[PDB]
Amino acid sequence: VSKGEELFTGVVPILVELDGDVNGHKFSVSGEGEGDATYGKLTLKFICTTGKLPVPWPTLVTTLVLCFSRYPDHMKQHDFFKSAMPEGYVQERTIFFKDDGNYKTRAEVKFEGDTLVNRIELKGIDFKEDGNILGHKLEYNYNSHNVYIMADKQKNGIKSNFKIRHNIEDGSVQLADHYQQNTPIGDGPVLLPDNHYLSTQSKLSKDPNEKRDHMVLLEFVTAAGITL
């Protein structure tokens, strides 16, 4: 058992705070909701608090808390994300949009009191101002994904390479190549996993009564096994 397991046995409130800068377009996003790791379930509503989001909401889904994944009993020794809690972990990514710009993200995921917080800094560079991303040409939807989590023994953490495919309105695909690394915050012991898969599914919706630019997200993440 990890020192973080017991912190996720019930419904946990979540706060997400993102400070963004893409090609010099500054923006901020605030998210609120709750996670129920027993069912691998999270529900979040995100608001662009600076006005219109200058990138498409789907491109921010992976950036905007894998500690809410459901690890089956025979897999709980591989749950790095909960084991780091409450002190937490750093999650860093570069996201390469094919034939367009790239995001660099650095996030701290940790408890502040009873609330699980995901505090993010995002920098976007080399985007095309009239391209598919800054031109808002991506559909408001998301595909299910399987991600291979690999141990990073040198960093006492994990790493992952995976592909997200966003739908472009012309019927083609915008590829987003993700490189990810996670490391414990501080001098904290963690469970170092063996390689395994997470299976994700995400549904994007809108609050019909909400006038601000926003995204409602329902996400399920399950550790599928060592294989598949």
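From 1 onward, residues are counted along the sequence shown.
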Point to revise | Gap size between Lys45 and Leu44, counted in deposited residues that the entry leaves unmodelled | key: none
Exercise for review: Can you let me know which of the two, 147-155 or 88-96, has the higher average C-alpha B-factor in the entry?
Suggested key: 147-155
Check your understanding: With respect to the recorded C-alpha B factors, which stretch has the higher mean value, 172-180 or 186-194?
Key -> 186-194
Review point. Which one of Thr38, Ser199, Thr59, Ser28 shows the top CA temperature factor in the record?
Key: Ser28
Review point. If you rank the chain by CA B-factor, which third does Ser160 end up in: lowest, middle or highest?
Key: middle
Check your understanding: Going by the entry, which third of its chain does the Cα temperature factor of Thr63 land in?
Key -> lowest
Point to revise | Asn118 - which third its CA temperature factor falls in, relative to the rest of the chain | key: lowest
Review point. Can you tell me which third, lowest, middle or highest, the CA B-factor of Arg70 falls into for its chain?
Key: lowest
Exercise for review: Just say lowest, middle or highest third for the CA B-factor of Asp21 relative to the other modelled residues in its chain.
Suggested key: highest
